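Engineer: Submitted below is the structure of interest, expressed as structure tokens.
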Amino acid sequence: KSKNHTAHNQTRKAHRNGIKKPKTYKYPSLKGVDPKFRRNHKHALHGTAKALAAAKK
Amino acid sequence: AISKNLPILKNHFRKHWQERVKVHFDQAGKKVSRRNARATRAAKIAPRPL
Amino acid sequence: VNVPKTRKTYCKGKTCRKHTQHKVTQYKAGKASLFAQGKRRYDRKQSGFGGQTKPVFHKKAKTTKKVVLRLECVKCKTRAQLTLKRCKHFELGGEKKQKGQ
Amino acid sequence: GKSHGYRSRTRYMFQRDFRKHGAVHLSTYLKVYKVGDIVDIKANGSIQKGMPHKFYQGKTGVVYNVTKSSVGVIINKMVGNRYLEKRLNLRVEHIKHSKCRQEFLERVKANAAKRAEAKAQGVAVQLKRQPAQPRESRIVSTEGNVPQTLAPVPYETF
Amino acid sequence: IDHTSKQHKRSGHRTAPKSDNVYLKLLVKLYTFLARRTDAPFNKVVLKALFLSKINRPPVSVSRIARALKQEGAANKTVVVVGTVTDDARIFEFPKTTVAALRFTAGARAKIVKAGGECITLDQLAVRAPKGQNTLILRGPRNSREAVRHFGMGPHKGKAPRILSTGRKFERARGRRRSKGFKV
RNA sequence: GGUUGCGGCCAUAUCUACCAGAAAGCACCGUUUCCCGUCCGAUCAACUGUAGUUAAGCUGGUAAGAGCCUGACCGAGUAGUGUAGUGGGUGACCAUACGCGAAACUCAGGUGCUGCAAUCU
RNA sequence: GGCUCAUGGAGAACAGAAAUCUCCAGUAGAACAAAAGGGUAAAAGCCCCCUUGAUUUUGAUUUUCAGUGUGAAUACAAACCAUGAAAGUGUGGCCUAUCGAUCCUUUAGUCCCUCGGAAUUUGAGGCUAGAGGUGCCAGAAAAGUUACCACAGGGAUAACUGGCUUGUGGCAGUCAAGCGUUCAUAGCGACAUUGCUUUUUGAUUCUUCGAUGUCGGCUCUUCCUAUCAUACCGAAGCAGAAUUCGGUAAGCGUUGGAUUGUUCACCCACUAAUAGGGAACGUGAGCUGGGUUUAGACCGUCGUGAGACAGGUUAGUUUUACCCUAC
RNA sequence: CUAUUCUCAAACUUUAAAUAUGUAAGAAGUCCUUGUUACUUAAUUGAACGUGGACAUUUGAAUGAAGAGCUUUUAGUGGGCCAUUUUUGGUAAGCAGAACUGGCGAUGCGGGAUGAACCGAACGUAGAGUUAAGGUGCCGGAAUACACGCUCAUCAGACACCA
RNA sequence: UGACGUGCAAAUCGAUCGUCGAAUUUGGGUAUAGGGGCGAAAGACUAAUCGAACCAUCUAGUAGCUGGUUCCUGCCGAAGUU
RNA sequence: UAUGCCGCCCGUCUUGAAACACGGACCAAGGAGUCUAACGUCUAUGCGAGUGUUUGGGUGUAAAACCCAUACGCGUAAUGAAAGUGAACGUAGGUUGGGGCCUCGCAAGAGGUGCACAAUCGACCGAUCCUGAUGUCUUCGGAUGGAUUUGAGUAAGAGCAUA
Ligand SMILES: [Zn+2]
Numbered sequence: 003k004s005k006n007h008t009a010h011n012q013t014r015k016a017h018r019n020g021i022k023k024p025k026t027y028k029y030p031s032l033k034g035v036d037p038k039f040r041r042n043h044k045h046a047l048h049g050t051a052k053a054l055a056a057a058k059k
Numbered sequence: 002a003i004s005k006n007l008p009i010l011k012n013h014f015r016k017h018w019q020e021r022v023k024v025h026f027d028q029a030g031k032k033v034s035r036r037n038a039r040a041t042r043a044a045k046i047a048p049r050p051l
Numbered sequence: 002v003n004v005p006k007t008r009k010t011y012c013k014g015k016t017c018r019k020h021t022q023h024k025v026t027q028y029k030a031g032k033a034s035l036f037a038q039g040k041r042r043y044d045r046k047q048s049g050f051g052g053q054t055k056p057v058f059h060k061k062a063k064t065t066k067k068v069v070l071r072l073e074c075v076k077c078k079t080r081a082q083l084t085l086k087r088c089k090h091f092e093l094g095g096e097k098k099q100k101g102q
Numbered sequence: 002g003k004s005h006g007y008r009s010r011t012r013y014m015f016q017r018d019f020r021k022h023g024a025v026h027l028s029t030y031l032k033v034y035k036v037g038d039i040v041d042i043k044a045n046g047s048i049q050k051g052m053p054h055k056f057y058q059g060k061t062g063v064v065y066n067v068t069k070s071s072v073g074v075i076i077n078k079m080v081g082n083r084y085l086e087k088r089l090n091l092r093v094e095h096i097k098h099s100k101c102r103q104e105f106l107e108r109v110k111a112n113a114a115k116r117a118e119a120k121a122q123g124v125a126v127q128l129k130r131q132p133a134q135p136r137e138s139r140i141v142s143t144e145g146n147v148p149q150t151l152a153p154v155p156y157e158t159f
Numbered sequence: 003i004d005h006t007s008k009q010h011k012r013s014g015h016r017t018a019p020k021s022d023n024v025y026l027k028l029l030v031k032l033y034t035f036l037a038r039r040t041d042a043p044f045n046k047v048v049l050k051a052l053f054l055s056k057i058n059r060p061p062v063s064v065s066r067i068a069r070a071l072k073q074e075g076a077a078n079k080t081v082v083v084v085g086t087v088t089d090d091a092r093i094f095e096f097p098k099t100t101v102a103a104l105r106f107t108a109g110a111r112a113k114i115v116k117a118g119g120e121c122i123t124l125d126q127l128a129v130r131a132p133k134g135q136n137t138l139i140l141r142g143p144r145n146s147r148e149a150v151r152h153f154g155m156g157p158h159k160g161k162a163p164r165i166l167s168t169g170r171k172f173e174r175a176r177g178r179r180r181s182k183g184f185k186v
């Protein structure tokens, strides 16, 4: 009695205002990265922070 | 009959509230009545506090 | 299916926190107690005129049931629930095997 | 009803290849993957763990996570009118390196060599690439090449 | 005439204050003049910040001013706030400064005067600094207004639900914990 | 160059038939107390390097060989297909314009190359 | 960890197509619980040894997707284990399906919190994870009947016309194996094959549900020709007469009755002949009202029953022109 | 069984397009030293992030860029239909259902006589000029133009979608 | 299946017909009142109203359904899909 | 008014209306998105770590205007079911950006300081899972330090009232 599905006009709708890239930040999402690499990486970066806080004289 | 994205409100108006709305126009009219009521009570209770 | 009996699994315990031998039994539910808040609520609402103030499910679709094993550690006596997939027949165990005639 | 299962419509793509059945050759495992390295996605049907969805088969992303038997790849997934940041977890037989990025990363060093050289010499470097230019004026010589006068053919059956 | 973009689209930026304030329009008049003639990048920033609305000129606190002069090299600059300068009773030390605001609060005026400083307007500023010579333009935090914590709510954004009562029984049961159905 | 041990790519390396192999190495080969595994020291285990051996393995070569891998203006700019027309044709379908372009077939060539460590008349 | 499977080949008393034994070939032609596809040859298969990773903690990720849920899956991390010489592999089934919210009830966890005037023990309530289920599978608690019927709607959708279609029906060619003593074609015609038509019946749902009066007959006009008769012709298996096949041809006519509401059909009889059709399946402000199809009623079969029947039977209101046009 | 042979496959296949499709083409870059770290390494080896230097004319393909990015809020809609090409069911359909694109819906105007969808072109109010599709015997603006042929029909033929 | 059928009439007219000494016709009085009456049974009748009368109220009942929805110009400009 | 050409009847539902689809004989007048309680966004106004006089009192040229105390609502603290507990290691952190300003310069530029805001790595509060010091009503207390866990949080306040 009706019709079921069509992908007609769906491209036109999408392209009118849209198709857009996700912008790519520097320092990306460090989440779902190996937990023990993270656990360490924190202590590495804290170490580098202390080493430049020592260098500042 | 549900929002776009709005807080869920509880507006208690499913009775015949329209039949017992009490608007206080009498505020100013009651205020002078209470002042007159105090003045006359102080004339009655002549030298004593209200 | 055929779950054998007593098996060595992990025990939360608080004392164990390791693989100990738990004695395995099938789970079965107790009694409504007649004093659960949802029973007292129901009995209150059902009392008087009106008659059936709550729904009654009579549209049984599923044949079998999810079988649940009440594993009980032998040292500390603490229990755990493991749910197996839907099975028709259940042997608490069990005439193994015979791993080739 | 209709079928929309995980490995549906994937008869011919997760098929192995003609006379390339059996075992994976060990270079696949000895290959080293690091974060920021651009890698392809192409499943090895013989290996049925950490295998990508048929969507991601053929795609190219960049490694974001590195663990035991597996990497993590970021792929661009257009859905409606906008891309999302789709994070896969792929076993290392389902990926390979992209000579795409290998031929760039050697052109960077070729440019670095050309410029660092021609800074202290006679300079005409033009580091940028140019497309296929309209061909220059040449003289074609007819010395033992006296043109063969071709004619079109009559029709005949077989 | 296959139009690439939307024809007759407005710039989408305020060119005047929707404020009908006489004294703001006299201040806009001065800074539209200076912006045009001076050719100092300061005067374009101040003209736009004058056009900006109440939600986009949030109050810069004295405590935020004191912090912006805590900076090395920028300790003797004139503090250009385009909007309210509010008081902060949190801090105790406040230095001798000159701050050019639209409005001060009775508390902010007291604290800046008592330190020994000069409460300036934008025209009292413009008469001493036509090019904003030795100025420090500050802005209060925009994304701290209570409306902004409901912007782009959905699963699993960690944004505030629009509600009126905040206890249990109010939007914690099903879809906010794995116990009752699922979580977000 | 030979061989071994471990390999990379995984038939130019596999298959079928034959014919060679000095040296060393590999192998076959000898024994059953022990460790060990069998219904059977056959396979697996331990012992010897002695009792014999290139017949097999293994390596190499041969064949208008099978297969495989290459290349070609070979077929073929064919089949097909993107685009275009108030092109044709009753229609089925087809021709032309601007592009992209196979598979079979035919003929010619080829028959593993290479990494590390040790050994070798 | 050992081995190699289907099938075939050559062979060993009873033993043969098939019981067991041995060797040779054997890229999978087997096997892997099922459907199908993919995958797999010192294995994922078959045989043997030990176990319970089918475990605990919660998070991220992929598919479906709103990037919600559910289901399934992935990859880690932190514990504890299994195996193995070890590398390692193991968070159920080689991979793609095998499943389920709130509320309620019940269980597991934890020296937990609460029962608000303050204590204790039952009791109840909570917190974290399961289970009892919704197959209409994002999850109401649910039998008919109306021919006494009703309302809001609908041409989003049927029963009549019309429109595209032409399977079906009807008519008409092409080829001609053959039937017709002989002889394809005087007259017919197999196997095939190309059409035309919209007088059937379908298919469809485009128009109409604030109605286009729904069968047949009576009357009456006009048109079509795919010609029954008549006019004039050609052909013959045309001697005559008679008949048959065609051509021009719609000028001309093409009936009276028995039964049936019937259209259709079937008989009797005359005629030169008793051809086929259309015109909103012509024609109801032209009629008629037998049939159909309101309400009454009877029978049969079905239904516990109300009632049902495109089964049978009987009784059942047919309205208006004085407007415009046409005549 | 062997070598030949004819013709085939939506749910066969060694081979294998065209069109569509992923990613890259650099300052968040490259090169040279060196710093912490509870991760990993036999290790002083790595891995992630850095310090400090060095290379900006060619800033590391073409073309474009109408400003680029960001957010809030809310209307209507959720019956669609048509056309070339690919395509399923169906004898078929102005039938039913899909794929990409373009249109009508929501669109006037010039043309196909007339027509929602075809062709050409999209539109403020006028002047002038030039053209599109389509035509130029007469209706009817515009050659009863030029040129080479074909056709004579007692049922001529005459412009795509389209009768 | 006559007349009339915007009538004499919201059921009449004319002819023809059923019956005509009883289960007959009929006036007045009286009883039965709406999920009730009454029914020699047609869901018939119950004040032109009946498969549940009429009057008022609740009531402006509700309607995913039909219809309507009142000045101009300017700028922007959709959806029939998940 | 004549003349050339053009012009179907509007409103409506609709994929499609001149429609053999619906409403409309004609005219005047009346005739359909209102008010309210409570709220989201955006904007204006006031005051701004506060804010809001008007329930009430005082006052008055009397329903007006003017003045005003104590509360109260909201905000100034979150998170837990709850008993509860409760926001600075540092310049209120580091990193890449970042307008504007400061310095050297003719300018090109380089260097410095960098608000908002954006990404990111941390730190702090509550919850959950452990860790389990000095001690002690010997079962209380929970220091100390961790966790791919978690929150509508902190990190020099933005809100309240009115339109
Ligand atoms: Zn235990």
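Protein chains in written order, with the authors' numbering: chain b, 3 to 59; chain L, 2 to 51; chain o, 2 to 102; chain T, 2 to 159; chain Q, 3 to 186.
Backbone N, C-alpha and C define an ideal beta-carbon position, used for all residues, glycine too.
Taking DSSP's pairing of strands, which residues face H23 (chain o) in a bridge?
Structural biologist: Position 22 of the third sequence, counted from the first residue, corresponds to residue 23 (chain o). Paired residue(s): o:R8, o:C74.
Engineer: What is the DSSP secondary structure of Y30 (chain T), counted as helix, strand or coil?
Structural biologist: Here residue 30 (chain T) corresponds to residue number 29 of the fourth sequence, with the count starting at 1. Helix at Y30 (chain T).
Engineer: With residue 1 (chain T) as the anchor, note down where its alpha helix (DSSP H) starts and where it stops.
Structural biologist: Because chain T spans 2 through 159 in this model, residue 1 (chain T) falls outside it and cannot be assessed.
Engineer: Measure the beta-carbon distance from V62 (chain Q) to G85 (chain Q) and round it to whole angstroms, keeping in mind my assumption that it falls under 8 Å.
Structural biologist: Locating residue 62 (chain Q) in the fifth sequence gives position 60, where the first residue counts as 1. Locating residue 85 (chain Q) in the fifth sequence gives position 83, where the first residue counts as 1. Confirmed, Cβ separation roughly 7 Å.
Engineer: Is any heavy atom of ligand 1 found at a distance shorter than 6 Å from the C-beta of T168 (chain Q)?
Structural biologist: For the purposes of this step, residue 168 (chain Q) is identified with residue 166 of the fifth sequence, where counting begins at 1. No, Cβ of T168 (chain Q) sits at least 6 Å from all heavy atoms of ligand 1.
Engineer: Report the three-state DSSP secondary structure of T79 (chain o) (helix, strand or coil).
Structural biologist: On the third sequence, position 78 is the one that residue 79 (chain o) refers to. In the structure shown, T79 (chain o) sits in coil (DSSP, three-state: anything other than H, G, I, E or B).
Engineer: So, with DSSP's three-state summary, where would you put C101 (chain T)?
Structural biologist: Looking up residue 101 (chain T) in the fourth sequence gives position 100. Helix.
Engineer: What whole-angstrom Cβ distance do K69 (chain T) and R10 (chain T) have, given they're in contact under 8 Å?
Structural biologist: Here residue 69 (chain T) refers to the residue found at position 68 when the fourth sequence is read from its first residue. Here residue 10 (chain T) refers to the residue found at position 9 when the fourth sequence is read from its first residue. At roughly 31 Å, the Cβ-Cβ gap does not stay under 8 Å, so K69 (chain T) and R10 (chain T) are not in contact.
Engineer: Taking the alpha carbon of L85 (chain o) as the reference point, which residue from o:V69, o:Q99, o:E96, o:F91 has its own alpha carbon closest?
Structural biologist: By one-based count along the third sequence, residue 85 (chain o) stands at place 84. Comparing Cα-Cα distances from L85 (chain o) to each of o:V69, o:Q99, o:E96, o:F91, the minimum goes to o:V69.
Engineer: Round the Cβ separation of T7 (chain o) and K24 (chain o) to the nearest angstrom and send it over; I've been treating them as touching at under 8 Å.
Structural biologist: Looking up residue 7 (chain o) in the third sequence gives position 6. Looking up residue 24 (chain o) in the third sequence gives position 23. So it is a contact: roughly 5 Å between Cβ atoms.
Engineer: Enumerate, from N- to C-terminal direction, the unbroken beta strand (DSSP E) stretches of 3 or more residues contained entirely within the region 47-119 of chain Q.
Structural biologist: Those beta strand (DSSP E) runs which fall completely within the region 47-119 of chain Q and span 3+ residues are 80-83, 86-88, 100-102.
Engineer: Considering only heavy atoms of ligand 1, does any lie closer than 6 Å to the CB of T21 (chain o)?
Structural biologist: One-based indexing of the third sequence puts residue 21 (chain o) at position 20. Answer for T21 (chain o): yes, Cβ within range of ligand 1.
Engineer: Which residue or residues does DSSP assign as beta-bridge partners of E86 (chain T)?
Structural biologist: Stepping through the fourth sequence from its first residue, residue 86 (chain T) is reached at position 85. DSSP, once it has assigned bridges, lists T:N77 as partnering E86 (chain T).
Engineer: For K55 (chain o) and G81 (chain T), what's the separation of their Cα atoms in angstroms?
Structural biologist: In the third sequence, the residue the question calls residue 55 (chain o) occupies position 54. In the fourth sequence, the residue the question calls residue 81 (chain T) occupies position 80. Looking at the two C-alpha atoms, the distance is approximately 45 Å.
Engineer: Can you tell me where the beta strand (DSSP E) with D41 (chain T) in it begins and where it stops?
Structural biologist: By 1-based counting over the fourth sequence, the position of residue 41 (chain T) is 40. Its beta strand (DSSP E) spans residues 39-42.
Engineer: So, at 6 Å on beta carbons, what are the nonlocal neighbours of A81 (chain o) in its own chain, with the 5 sequence-adjacent residues on each side left out?
Structural biologist: Residue mapping note: residue 81 (chain o) aligns to position 80 of the third sequence, counting from 1. Hits under 6 Å: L72.
Engineer: Put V109 (chain T) into one of helix, strand or coil per three-state DSSP.
Structural biologist: Taking the first residue of the fourth sequence as 1, we reach residue 109 (chain T) at position 108. Helix at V109 (chain T).
Engineer: Output, in chain order, the set of chain b residues within a Cβ distance shorter than 8 Å of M79 (chain T).
Structural biologist: On the fourth sequence, residue 79 (chain T) is found 78 positions in, with the first residue counted as 1. Those are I21, listed as they occur along chain b.
Engineer: At 8 Å on the CB atoms, spell out the chain L contacts of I165 (chain Q), in chain order.
Structural biologist: Counting from 1 along the fifth sequence, the entry for residue 165 (chain Q) is found at position 163. The answer, in chain order, is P8, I9.
Engineer: Under 6 Å: does the beta carbon of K69 (chain T) sit that close to some heavy atom of ligand 1?
Structural biologist: Position 68 of the fourth sequence holds residue 69 (chain T). The answer is no for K69 (chain T).
Engineer: Assuming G95 (chain o) and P5 (chain o) form a contact by the criterion Cβ under 8 Å, report the distance between their Cβ atoms to the nearest whole angstrom.
Structural biologist: The sequence position of residue 95 (chain o) within the third sequence is 94, counting from 1. The sequence position of residue 5 (chain o) within the third sequence is 4, counting from 1. Right, their Cβ atoms sit about 5 Å apart.
Engineer: Would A110 (chain Q) and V87 (chain Q) be called neighbours here (beta carbons separated by less than 7 Å)?
Structural biologist: On the fifth sequence, position 108 is the one that residue 110 (chain Q) refers to. On the fifth sequence, position 85 is the one that residue 87 (chain Q) refers to. Result yes, Cβ atoms of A110 (chain Q) and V87 (chain Q) sit closer than 7 Å.
Engineer: Rounding to the nearest angstrom, what Cα-Cα distance links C12 (chain o) and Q27 (chain o) in this structure?
Structural biologist: For this step, residue 12 (chain o) is matched to residue 11 along the third sequence. For this step, residue 27 (chain o) is matched to residue 26 along the third sequence. Straight-line Cα distance between these residues: approximately 18 Å.
Engineer: I want to see whether chain b comes within less than 7 Å of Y84 (chain T), judged by CB atoms only; does it?
Structural biologist: Position 83 of the fourth sequence, counting from 1, holds the residue named residue 84 (chain T). True, the Cβ-Cβ gap to chain b drops below 7 Å.
Engineer: With hydrogens ignored, establish whether the beta-carbon of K76 (chain o) is closer than 6 Å to any heavy atom of ligand 1.
Structural biologist: Taking the first residue of the third sequence as position 1, residue 76 (chain o) is located at position 75. Answer for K76 (chain o): yes, Cβ within range of ligand 1.
Engineer: What do you reckon, are the CB atoms on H98 (chain T) and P53 (chain T) nearer than 7 Å?
Structural biologist: On the fourth sequence, position 97 is the one that residue 98 (chain T) refers to. On the fourth sequence, position 52 is the one that residue 53 (chain T) refers to. No.
Engineer: Please confirm if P37 (chain b) has its CB atom under 7 Å from at least one CB of chain T.
Structural biologist: Numbered from 1 along the first sequence, position 35 holds the residue referred to as residue 37 (chain b). So, not an interface residue.
Engineer: Hey, does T68 (chain T) have any beta-carbon neighbour from chain b nearer than 7 Å?
Structural biologist: Within the fourth sequence, the letter at position 67 stands for residue 68 (chain T). It does; some Cβ of chain b falls within 7 Å.
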